[PDB]
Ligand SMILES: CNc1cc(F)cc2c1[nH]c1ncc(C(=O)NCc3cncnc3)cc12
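Below you'll find only one chain, the form solved without this ligand, shown as structure tokens.
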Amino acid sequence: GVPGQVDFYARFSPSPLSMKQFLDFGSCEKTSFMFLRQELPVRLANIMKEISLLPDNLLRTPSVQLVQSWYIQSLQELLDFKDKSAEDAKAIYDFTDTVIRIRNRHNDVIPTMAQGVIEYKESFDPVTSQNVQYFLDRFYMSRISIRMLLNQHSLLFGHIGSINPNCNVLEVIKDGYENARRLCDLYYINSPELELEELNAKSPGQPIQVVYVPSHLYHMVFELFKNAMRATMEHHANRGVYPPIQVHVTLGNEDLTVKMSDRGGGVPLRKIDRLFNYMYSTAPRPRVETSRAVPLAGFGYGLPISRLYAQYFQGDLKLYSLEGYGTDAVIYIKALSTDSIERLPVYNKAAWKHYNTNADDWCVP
């Protein structure tokens, strides 16, 4: 059975790696094969059990059925190697090929799962919508983790893979700003300027670098800029004077922090968490047949996924807004590669109970 393969591997826990451990891999293709031939089936199988717990009307959508079919095909291909000899040179070539194969094929899972959620809302619940939120954080975090392993192995055996041991933080920030700004200019015919301030408390006046995945940092800052820009342009639309977006970067002993500050009018505290809510953030997918500029907010789960990127390596992404004034968004990244450990979801009794269960200890307002 294919349910049997899934059940067997889902019993196991994923094995989180530190950023330092990823970095030591890039220094032996055989040592990666032995790791990944178990780890990948375990990671795939754990998340696949949760897909199965989705509301039937979500599960049954064309998009989710497509995504599930991809996971099933991927598992079966990796489980073709379970016994195949560790000493065999063809098998490891075939593995690195299968990994490269799987990586370079399904870049589309994130918007496709997001289409499934649209298909779900369109044809059809508050009880099960808590399940959807729980699942999607776990699914997308799992995906980040699985993609990380596929990317490292394909880059090394196909800068230490996708890790830059010396990630230039301000450079990434400025690239994120310029790319967001181009989109802002397109949609609003104007855009806020950037004011960038830095403090290396660790070593004052020296460049701020960390061991990091640059494309992760990019996704986070690019998405935050888009959000800051939209808030700014929509708030000050009447005045025609648009306050800059202010970014403060600090390297401390333990935390790299990127604070992004806008004067876009804020959101009250009751509402601010909606920005991280999949069911609320499920906006229409921009249509192909138009020359009209793409809006800076909408489809694609930019903010919730940005936060998952922060949290993946034990960082965080927090928003706090002052309604009527503006918003601060703060990225927290671990300054030390040894503190940077994968945050991985695991399927077990506790995960299953979350889908099948549900603060009585406080009086309701």
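Don't overthink the numbering: it's just position in the shown sequence, from 1. C-alpha atoms forming the largest set that superposes within 1.5 Å between two forms make up the rigid core. Only residues modelled in both forms are compared.
- In this entry, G158 is separated from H159 by 10 or more residues of the deposited sequence that have no coordinates.
- The entry shows a gap from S27 to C28, with 1 to 3 unmodelled residues of the deposited sequence in between.
- The stretch 100-108 shows the higher mean C-alpha B-factor when 174-182 is compared against 100-108 in the entry.
- Legend: mean Cα B-factor per stretch from the PDB entry, 129-137 versus 86-94; the higher mean is in 86-94.
- Residue-level inspection of the entry shows that, of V117, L251, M233, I163, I163 has the top Cα B-factor.
- Residue-level temperature factors show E289 in the lowest third of its chain, judged at the C-alpha atom.
- When the modelled residues of the chain are ordered by C-alpha B-factor, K226 sits in the lowest third.
- When the modelled residues of the chain are ordered by C-alpha B-factor, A201 sits in the middle third.
- Compared with the other modelled residues of the chain, the Cα B-factor recorded for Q65 ranks in the middle third.
- Among all modelled residues in this chain, the alpha-carbon of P304 has a temperature factor (C-alpha) in the middle third.
Although not depicted, the form deposited with this ligand bound is the subject of the following passage.
- This chain appears without its partner; in the bound PDB entry, the one residue of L224, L217, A180, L256 with a heavy atom within 4.5 Å of this ligand is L224.
- Checking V267, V117, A91, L194 against this ligand in the bound PDB entry, a heavy atom within 4.5 Å turns up for just one residue: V267.
- Heavy atoms of every residue among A228, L303 and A329 are located within 4.5 Å of this ligand in the bound PDB entry.
- The closest heavy atom approach of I144 to this ligand in the bound PDB entry falls outside 4.5 Å.
- The closest heavy atom approach of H159 to this ligand in the bound PDB entry falls outside 4.5 Å.
- Put simply, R105 is far from this ligand in the bound PDB entry: not one heavy atom of it is within 4.5 Å.
- By the criterion of a heavy atom within 4.5 Å, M260 is counted among the residues contacting this ligand in the bound PDB entry.
- Note on the interface: of 283-291, 79-87, 270-278, 207-215, the segment with non-hydrogen atoms within 4.5 angstroms of this ligand in the bound PDB entry is 270-278.
- Superposed on the rigid core, the two forms differ between this form and the one not shown by 2 Å or more at the C-alpha of one listed residue only; from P55, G300, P304, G326 that residue is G300.
- Core-superposed comparison between this form and the one not shown places the runs of three or more consecutive residues whose CA atoms all shift by 2 angstroms or more at 104-106, 298-300, listed in sequence order.
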